[PDB]
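Structure record follows, encoded as structure tokens.
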Protein chains: 2
Amino acid sequence: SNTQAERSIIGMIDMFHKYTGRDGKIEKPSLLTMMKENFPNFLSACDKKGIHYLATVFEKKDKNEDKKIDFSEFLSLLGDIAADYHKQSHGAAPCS
Amino acid sequence: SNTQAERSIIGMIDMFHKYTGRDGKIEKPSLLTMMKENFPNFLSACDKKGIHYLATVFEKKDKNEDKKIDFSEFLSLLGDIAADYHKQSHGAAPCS
Ligand SMILES: [Ca+2]
Ligand SMILES: [Ca+2]
Ligand SMILES: [Cl-]
Ligand SMILES: [Cl-]
Ligand SMILES: [Zn+2]
Ligand SMILES: [Zn+2]
Ligand SMILES: [Zn+2]
Ligand SMILES: [Zn+2]
């Protein structure tokens with residue numbers, strides 16, 4: 001009944017919920033597990049480029065500095081990953 | 001080799017590319033076809049709420065007013081759809 005694009009959006013909300021606490025936001029250790037579980041090939045390409053994405057991702061995406069990642073900040077992180085994959089689709093090297 | 005989350009991101013880039021012109025941006029008639037093809041259940045829920053999402057989506061998401069939707073603006077639209085589905089996941093009515 002749902003399209004592939006709709007199930008994809010629903011899958012990202014289901015993913016977010018695997019990592020949220022009772023406040024519906026993601027703490028730092030949880031974010032890093034989410035990245036390692038769901039974006040391992042993304043992370044691996046950075047580490048080759050000499051980049052430890054995990055060292056800064058929490059602090060960079062915690063825009064309101066409340067030491068949580070909320071849904072809006074989580075979407076911003078997915079956007080970032082999407083931008084990298086789009087660049088790759090055009091012959092760019094991973095994690096630039 | 002790619003995770004489900006990675007294939008989902010790749011699927012959204014593949015979707016974007018179904019609708020772009022030679023300049024790598026999406027014109028209005030194309031955006032509306034993309035919505036109707038990929039988010040029909042989203043759109044249907046709006047039309048019930050008396051909302052014609054298609055009447056304004058192009059103009060609302062064309063942030064730089066160049067009459068194209070570029071990748072960054074397309075991600076912003078997916079974010080919007082994601083926000084609605086997240087709200088739904090918490091008992092909110094579709095298209096609020
Ligand atoms: Ca925050
Ligand atoms: Ca534009
Ligand atoms: Cl939540
Ligand atoms: Cl493009
Ligand atoms: Zn939630
Ligand atoms: Zn696992
Ligand atoms: Zn492209
Ligand atoms: Zn079709």
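One-based numbering along the chain as shown.
Technique stated in the header: X-ray crystallography, 1.7 Å.
Cβ from N, Cα, C; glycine included.
Listed features, source Swiss-Prot:
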DOMAIN    B:12-47  domain 'EF-hand 1'
BINDING   B:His17, B:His86, B:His90  Zn(2+) 1 binding site
BINDING   B:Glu27, B:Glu37, B:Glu65  Zn(2+) 2 binding site
DOMAIN    B:49-84  domain 'EF-hand 2'
BINDING   B:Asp62, B:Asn64, B:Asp66, B:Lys68, B:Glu73  Ca(2+) binding site
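Sorting each residue of the domain 'EF-hand 2' (B:49-84) by its DSSP state yields 22 helix, 1 strand, 13 coil. Checking the binding-site residues B:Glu27, B:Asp66, B:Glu73, B:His86 against chain A with a Cβ-Cβ cut-off under 8 Å leaves B:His86. Same-chain residues lying 6 or more positions outside the domain 'EF-hand 2' (B:49-84) and placing a CB less than 8 Å from one of its CB atoms are 12, 16, 23-28, 31-32, 35-36, 39, 42-43, 93-96. On a Cα basis, B:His17 (Zn(2+) 1 binding site) lies 12 Å away from B:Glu27 (Zn(2+) 2 binding site). B:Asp66 (Ca(2+) binding site) sits 30 Å from B:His86 (Zn(2+) 1 binding site), counting Cα to Cα. Here the C-alpha separation of B:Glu73 (Ca(2+) binding site) and B:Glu37 (Zn(2+) 2 binding site) works out to 19 Å.
The Cβ of B:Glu73 (Ca(2+) binding site) has 19 other Cβ atoms within 10 Å, all protein chains considered.
Filtering B:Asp62, B:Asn64, B:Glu65, B:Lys68, B:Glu73 by Cβ distance to ligand 2 (under 6 A) retains the following binding-site residues: B:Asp62, B:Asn64, B:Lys68, B:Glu73.
For B:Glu37 (Zn(2+) 2 binding site), other Cβ atoms within 10 Å of its Cβ number 13. For the binding-site residues B:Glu27, B:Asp62, B:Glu65, B:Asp66, the greatest number of Cβ atoms within 10 Å around a candidate Cβ is found at B:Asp62. Sequence-distant neighbours of B:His17 (Zn(2+) 1 binding site): no residue of the same chain at least 6 apart has a C-beta under 8 Å from its C-beta. Cβ neighbour density within 10 Å is lowest for B:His90 among the binding-site residues B:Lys68, B:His86, B:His90. Ligand 8 lies within reach of none of the binding-site residues B:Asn64, B:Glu65, B:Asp66, B:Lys68, B:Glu73, judged by a C-beta closer than 6 angstroms to any of its atoms. Distance between Cα atoms for B:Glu37 (Zn(2+) 2 binding site) and B:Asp62 (Ca(2+) binding site): 20 Å, as a whole number.
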